[PDB]
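J.: Quick one: experimental structure and sequence below.
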Amino acid sequence: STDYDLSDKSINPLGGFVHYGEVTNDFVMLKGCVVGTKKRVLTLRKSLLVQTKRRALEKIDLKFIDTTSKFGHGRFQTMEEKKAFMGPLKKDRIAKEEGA
Amino acid sequence: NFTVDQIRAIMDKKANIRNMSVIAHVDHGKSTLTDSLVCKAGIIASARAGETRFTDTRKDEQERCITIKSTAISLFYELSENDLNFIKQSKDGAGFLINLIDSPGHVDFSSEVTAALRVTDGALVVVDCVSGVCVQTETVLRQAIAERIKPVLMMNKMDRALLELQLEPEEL
Amino acid sequence: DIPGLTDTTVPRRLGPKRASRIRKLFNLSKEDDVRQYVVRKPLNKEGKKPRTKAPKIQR
Amino acid sequence: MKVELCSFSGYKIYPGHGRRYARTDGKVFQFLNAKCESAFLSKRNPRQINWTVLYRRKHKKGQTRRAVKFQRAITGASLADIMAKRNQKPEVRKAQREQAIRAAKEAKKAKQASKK
Amino acid sequence: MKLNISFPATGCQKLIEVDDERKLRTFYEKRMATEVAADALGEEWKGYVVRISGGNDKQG
Amino acid sequence: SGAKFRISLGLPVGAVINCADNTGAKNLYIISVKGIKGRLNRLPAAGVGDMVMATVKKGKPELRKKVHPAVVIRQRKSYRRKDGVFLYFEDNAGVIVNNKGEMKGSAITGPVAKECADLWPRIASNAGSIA
RNA sequence: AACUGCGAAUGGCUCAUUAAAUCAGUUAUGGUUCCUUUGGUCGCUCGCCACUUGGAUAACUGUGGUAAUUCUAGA
RNA sequence: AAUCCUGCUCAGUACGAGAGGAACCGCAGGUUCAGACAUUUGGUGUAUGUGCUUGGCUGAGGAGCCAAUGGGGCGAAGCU
Ligand SMILES: [Mg+2]
Ligand SMILES: [Mg+2]
Ligand SMILES: [Mg+2]
Ligand SMILES: [Mg+2]
Ligand SMILES: [Mg+2]
Ligand SMILES: [Mg+2]
Ligand SMILES: [Mg+2]
Ligand SMILES: [Mg+2]
Ligand SMILES: [Mg+2]
């Protein structure tokens, strides 16, 4: 949830991280791509340089974080968004019919 | 900013016209000074801040920022009575008409300097206080005094002396 | 009630001009002083004499 | 959180998703994915494609005026006076028409007298 | 955003300028000739139901 | 000021792109790209907003057997617009300009990519629309 | 000022097109239409307002949008 | 194992009669190269995943199959 999204969602995509699982504990977001496959252990280290350029000293304020399904070309951020868009389905209808 | 009627009304006067031209060395502020005067005085001239005014009437003049062809402008303005008291010449009313002819300051356009000088009867010499008396200001002065013109001086770019040069008041 | 809007009702610009229109607007039954019952508009201006005139009833 | 686009197929397009195609005639379209884009380039109408927003709406899938009798004033009149006049007593009303009847009678008397 | 408001029974229709899209979402994504309540325009506007009659573009 | 960011190139040497001006040229045969320092065997390529050297193959005979500077205004290869928008056009297009950058024609048919328009203000002014 | 009725399909300009096409004479429309003008015809048909019906709509009062048009919206 | 260039500012400034016309700090980016990565865009695609479809074959339907991957559309993961 960013300071502008205000949406109840976790960092996990719709359908769980592919080949990893559900991310529950703390996490660190990093710009760009890092080495290794999924669920590969990485050693984060404090930098040995003195960071003085503008890119290093720049603040980062997110406005939106994408959480569509990475298991294909997902097009819905949250379950609630997807259920609101499609509406009632066949599986939902028969399950409601039986359960009453 | 008045109509052509009062233009003729003060044009018939001969004791308050002042034919003059501005003469200086290349890049001494002649265009800048004329533009500010067109802003302040002017028979119909307003105070537009769009860089160079009608004194550069060419597309290449505005592209290169070199004044090439001389342009004539006319200024109308009034002065208070206590201001008129200093004018010991033939004085007729508070209105005054100036026929300014902006002369290009390059050595090759010295002929255009002559054409302006024949028409005018006075000269406003513009001297950069940073660069002192230059070669072209020396030549155009020689030209005007040979043609019997009254020159009156104005040192320009005094801000340059006080900021870029950081001169103290004594040496200034 | 908002000020200026839900208050100081402006009267309708003109009164009815058709005979049945004034008859229904006043619930007249059958020829009840219909000639004088039209509204007589007074116009008033300062540099003249204020006067009043009634419209041309039709139908 | 840029502007939320929509594809031709009606779906929302979030930033960083899909592709946008600009035509020579100055028209710009957005496509959610290559399935939508190829369908557009092959010029298939979205109203014959089941899973599209336009088709659902067209096939109805997933699916009073006001009369007022305001009574106001009339300029040059009085608000209370007009309601009182339009609600006048029937005895006053019949008295008004009978005195109009005799008024026409005496005008007939004046008309005969003037004709004489 | 300017918003002309007109009362048929009283007239003297006025212009209300508003600078809050959050309170303007009551009319956003609606259609004209539909009746919606302007109670989100302040509690002074509570109990007030209006209908969209017209409107002008940014270009007029 | 702010320099233009990289875009996918798509138009190497030998690309024949439409000529969207009104100079009478029908197409531009790209022969080189300005500012390309190159590499062994690598074709110099150009995206939108790039100044190229081109010869018109179809068009008025007074322009045909000559080399002109040109600017690519539309490209068909899709490129990222630094905020995730992958834009591409229906066709490759370019106009004929001079070294200064003034456009030799007087009108442009079709849109102009925002990257080309912002680099070349005179091309932007003659552009009918910006995509 | 505005609705309504009529005019704006006349006149003026020019000769680009066009070679049985235009056009000139002749002739038919018993193979057609026709505001306007005139003359016929306008109680010829048996059928709870007629002492005369309804909703409006202008111009108009007021709120404006637009940089702009002989643009119009809202009540 | 990094490399080079361009744009802006300095600045139409210093210098120069003029024409012309820089530099250091700073900012924004690109070229060539290196090391990675697949969120996004593209490519592949025998998941022989799901439709479409030719010829034939299972009496017909349904469901399928064979034609050295029948052809073609869209395509998850993965690789790129
Ligand atoms: Mg994926
Ligand atoms: Mg009448
Ligand atoms: Mg080779
Ligand atoms: Mg007619
Ligand atoms: Mg078959
Ligand atoms: Mg079958
Ligand atoms: Mg077999
Ligand atoms: Mg075989
Ligand atoms: Mg494919």
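T.: Cool, got the structure. Numbering: from 1, shown residues only, chains lettered A, B, ... in the order given. Ligands and ions are numbered 1, 2, ... in the order given.

J.: CA only for contacts and neighbour counts going forward, please
T.: OK.

J.: Tell me the residues of chain E that contact chain D?
T.: Residues of chain E lying close to chain D by C-alpha under 8 Å from any C-alpha of the partner chain are residue E:9.

J.: does the closest residue to ligand 1 within chain E sit in a helix, a strand or a coil?
T.: Scanning chain E for the residue nearest ligand 1 gives residue E:29, at 34.2 Å (criterion: C-alpha to the ion). Put simply, residue E:29 is coil when judged by DSSP: H, G, I helix; E, B strand; the rest coil.

J.: what about it, neighbour count?
T.: Other residues lying near residue E:29 total 6 when counted by other C-alpha atoms under 10 Å in any protein chain shown.

J.: Next, give phi and psi for it.
T.: Note on residue E:29: its backbone torsions stand at phi 60, psi 20 [degrees, to the nearest 10].

J.: I'd like to know how far it sits from residue E:42.
T.: 20 Å (C-alpha to C-alpha, to the nearest Å).

J.: Pick out the residue closest to the middle of the chain.
T.: Since you didn't name a chain, this refers to chain A. The residue lying closest to the centre of chain A (C-alpha atoms, centre = their mean) is residue A:11, at 3.3 Å.

J.: residues touching that residue, list them.
T.: Residues near residue A:11 by C-alpha atoms under 8 Å, 6 or more residues apart in numbering or on different chains: A:23, A:65, A:67.

J.: pretty sure residue B:130 is in contact with residue B:161, am I right?
T.: Yes - assessed by C-alpha atoms under 8 Å, residue B:130 is found in contact with residue B:161 at 6.0 Å.

J.: Not counting residues beside it along the chain, what's closest to residue 36?
T.: If you meant another chain, say so; for now it's chain A. residue A:42 (8.0 Å; C-alpha to C-alpha, 6 or more residues apart in numbering or on different chains).

J.: Let me rephrase: I mean chain F.
T.: Residue F:36's closest residue in space is residue F:44 (C-alpha to C-alpha, 6+ apart), at 6.3 Å.

J.: Tell me how many other residues crowd that neighbour.
T.: 21.

J.: residue contacts, the residue nearest to residue D:75 when sequence neighbours are not counted?
T.: Distances taken as C-alpha to C-alpha, 6+ apart put residue C:11 closest to residue D:75, at 4.9 Å, once the chain neighbours are dropped. Each residue near residue C:11 by C-alpha under 8 Å, 6+ apart is listed here: D:72, D:73, D:74, D:75.

J.: Same check on residue B:45?
T.: Here residue B:45 is in contact with B:1, B:38, B:39, B:75 (criterion: C-alpha under 8 Å, 6+ apart).

J.: Tell me the backbone dihedrals of the second one, please.
T.: Phi and psi for residue B:38, reported as degrees, to the nearest 10, are phi -60, psi -30.

J.: Quick check: it touching residue B:47?
T.: Yes - with contact defined as C-alpha under 8 Å, residue B:38 counts as touching residue B:47 (6.7 Å).

J.: of those two, who's got more company?
T.: residue B:38 (24 against 14).

J.: any idea which residue sits dead centre in chain F?
T.: residue F:72 (0.7 Å).

J.: any idea how far that one is from residue D:63?
T.: For residue F:72, the distance to residue D:63 - C-alpha to C-alpha - is 49 Å.

J.: So the residue of chain E found nearest RNA strand H versus residue E:6, what's the distance?
T.: For chain E and RNA strand H, the shortest gap (C-alpha to the nearest atom of the strand) falls at residue E:29, measuring 27.8 Å. Residue E:29 sits 21 Å away from residue E:6, going by C-alpha to C-alpha.

J.: got it, and residue D:104?
T.: In terms of C-alpha to C-alpha, residue D:104 sits 48 Å off from residue E:6.
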